[PDB]
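Chemist: Model the structure of this input:
(one chain, ligands or ions: 1)
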Amino acid sequence: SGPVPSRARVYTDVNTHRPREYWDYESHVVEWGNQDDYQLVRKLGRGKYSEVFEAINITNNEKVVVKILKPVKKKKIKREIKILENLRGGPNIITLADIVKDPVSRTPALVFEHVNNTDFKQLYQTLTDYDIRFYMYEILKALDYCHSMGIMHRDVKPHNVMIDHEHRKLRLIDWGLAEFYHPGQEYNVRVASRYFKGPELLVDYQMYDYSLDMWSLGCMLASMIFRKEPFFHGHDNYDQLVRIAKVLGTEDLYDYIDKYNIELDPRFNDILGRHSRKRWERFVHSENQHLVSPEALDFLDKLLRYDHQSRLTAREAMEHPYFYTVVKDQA
Ligand SMILES: O=C(O)c1ccc2c(c1)nc(Nc1cccc(Cl)c1)c1ccncc12
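Modeler: Residues are numbered from 1 along each chain as shown. Sure, structure below:
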């Protein structure tokens, strides 16, 4: 009978109501600067499809970041650029400063705003209960903004959240997997990073939406409040669902599969087994208790749901009691 269709509960038709130039990124004309305006200082890291460098803009001595793209479809480069241009100036969204090309190799590169980041592997262990609430609220500002702008990030994870802790400044980076939400579209499920993949990706339910990012956020929150990084530690995409099922239980998983008429891959039948929904208190211990509260657990419970439609939206999440003290302090 095929899967049951799904629509986002919020910002459903935002792209339909915009001119085609907004979302038809393949038609976007890119104007490439000369990479000679930037002098590379050092390599910061290598990605799946990019090499990132710290650089200096020789014209004004500003420190920037240059993301040299490895060859990918021109379609995909135009998508990242168009999304970054559409989101530019939005709350906690990384700023695309320039688009250049090396004169010799012709390799395209994206120039970004520099953030003085403290890596999550060093930062998260130092965060107070207030800090987690504060930064979660900052991520929510970025997500509600991009979702309102008709964009799903599709790769929310600690590496993609650059935090200048000294200045309490946060930027959501790496828009390379981001996509425009169009109601009825069947998207690629080979997105996000394993540990942050929502159950919709794991069961191959393609008609997903912005709510995908809310699952990923919930994975981040659970790792922060429980000091268990990553929270769901699967060995592969199949075992990832098993790890989730051992916490959220199998009853709701099978109800989700039923509701959407999802044809489940036959290997899941043997590996999923039967598991009760675990109480969040089972993850609380002497070393993380100070980060856990009834508000944190209620909020986490409302993000970590199989049914993507039942998760809090970024706007609903911002209104949660977990953030009452942050919201008070920001006024
Ligand atoms: O991709 C983007 O959108 C993107 C955008 C901005 C930054 C970035 C990636 N990666 C950075 N650093 C980084 C750190 C570790 C490994 C790698 Cl590969 C990169 C970085 C640092 C400071 N300011 C901005 C950025």
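Chemist: Flag every buried residue along the strand or helix carrying residue 163.
Modeler: Secondary-structure assignment from DSSP states H and E places residue 163 in strand 161-164. Going by neighbour count (16 or more other C-beta atoms under 10 Å), the buried part of strand 161-164 is 161, 162, 163. C-beta coordinates here come from the backbone N, C-alpha and C atoms, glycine included.
Chemist: now do stretch 222-241
Modeler: The neighbour-count check on stretch 222-241 (16+ other C-beta under 10 Å) flags 222-226, 229-232, 234, 237, 240-241 as buried.
Chemist: List the contacts of that stretch.
Modeler: 120-121, 124-125, 127, 132, 158, 194-197, 199, 201-203, 219, 242-244, 247, 253, 265, 267-268, 271-272, 283-284, 287-288, 291-292, 296, 300, 304 (C-beta atoms under 8 Å, 6 or more residues apart in numbering).
Chemist: Can you say which of those residues are buried?
Modeler: Listed as buried from the contacts of stretch 222-241 are 120, 124, 127, 132, 158, 194-197, 199, 201-203, 219, 242-244, 247, 253, 268, 272, 283, 291-292, 296, 300, 304; burial here means 16+ other C-beta under 10 Å.
Chemist: so of those, which ones are in helices?
Modeler: Judged by DSSP state H, the buried ones among the contacts of stretch 222-241 include 120, 132, 199, 201-202, 219, 242-244, 247, 253, 268, 296, 300 as members of helices.
Chemist: Looking at the residues you listed, which two lie furthest apart in space?
Modeler: Comparing every pair within these by C-beta to C-beta identifies 132 and 268 as the most remote, at 33.3 Å.
Chemist: Give me the three-state assignment for whichever residue of the chain sits closest to the ligand.
Modeler: The nearest approach of the chain to the ligand comes at residue 45, 2.5 Å away (C-beta to the nearest ligand atom). Following DSSP: H, G, I helix; E, B strand; the rest coil, the label given to residue 45 is strand.
Chemist: Could I get the phi/psi values of the residue nearest to it when sequence neighbours are not counted?
Modeler: Spatial nearest neighbour of residue 45, excluding adjacent residues (C-beta to C-beta, 6 or more residues apart in numbering): residue 52 at 5.2 Å. Dihedral angles phi and psi of residue 52 (degrees, to the nearest 10) take the values phi -110, psi 130.
Chemist: Provide a list of residues in contact with residue 52.
Modeler: 43, 44, 45, 46, 65, 66, 67, 68.
Chemist: Narrow the residues you listed to just the buried residues.
Modeler: Among the contacts of residue 52, those classed as buried by 16+ other C-beta under 10 Å are 65, 66, 67, 68.
Chemist: you'd agree the third one is in a strand?
Modeler: Yes: the secondary structure assignment for residue 67 places it in a strand, going by three-state DSSP.
Chemist: That one reaches residue 109, doesn't it?
Modeler: Yes: with contacts counted by C-beta atoms under 8 Å, residue 67 reaches residue 109, the gap being 6.2 Å.
Chemist: follow-up on the earlier one: got JSON lines for the buried ones among the contacts of residue 52, with distance to residue 87 too?
Modeler: Formatted as JSON lines, the buried ones among the contacts of residue 52 follow (distance: C-beta to C-beta, whole Å):
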{"residue": "65", "distance to residue 87": "17"}
{"residue": "66", "distance to residue 87": "19"}
{"residue": "67", "distance to residue 87": "16"}
{"residue": "68", "distance to residue 87": "21"}
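Chemist: hang on, the earlier thing: out of the buried residues of stretch 222-241, which one sits closest to residue 79?
Modeler: Set against residue 79, the nearest of the buried residues of stretch 222-241 by C-beta to C-beta is residue 237 (23.7 Å).
Chemist: Next up, phi/psi of residue 157, please.
Modeler: The phi/psi pair for residue 157 (degrees, to the nearest 10) is phi -170, psi 160.
Chemist: Relative to residue 218, how far out is it?
Modeler: Separation of residue 157 from residue 218 (C-beta to C-beta, to the nearest Å) stands at 12 Å.
Chemist: cool, residue 60 as well?
Modeler: The spacing between residue 60 and residue 218, counted by C-beta to C-beta, is 41 Å.
Chemist: Could you check which of the two has the larger neighbour count?
Modeler: With neighbours defined as other C-beta atoms under 10 Å, residue 60 and residue 218 compare such that residue 218 has more, 24 against 8.
Chemist: Which residue comes closest to the residue most central in space within the chain once chain neighbours are left out?
Modeler: Taking C-alpha atoms, centre = their mean, the centroid of the chain lies closest to residue 156, which sits 1.7 Å from it. Closest residue to residue 156 apart from its sequence neighbours, by C-beta to C-beta, 6+ apart: residue 216 at 3.6 Å.
Chemist: Same question for residue 167.
Modeler: residue 116 (7.6 Å).
Chemist: Tell me if I'm right that that neighbour and residue 168 touch.
Modeler: No: here residue 116 does not reach residue 168: they are 11.9 Å apart, not a contact under C-beta under 8 Å.
Chemist: Any residues of the stretch 1-150 of the chain in contact with the ligand? List them.
Modeler: Residues of the stretch 1-150 of the chain found near the ligand (C-beta under 6 Å from any ligand atom) are 44, 45, 46, 47, 52, 65, 67, 94, 112, 114, 115, 117.
Chemist: now, among those, which is nearest to residue 312?
Modeler: Among those, residue 94 lies closest to residue 312 (C-beta to C-beta), at 24.2 Å.
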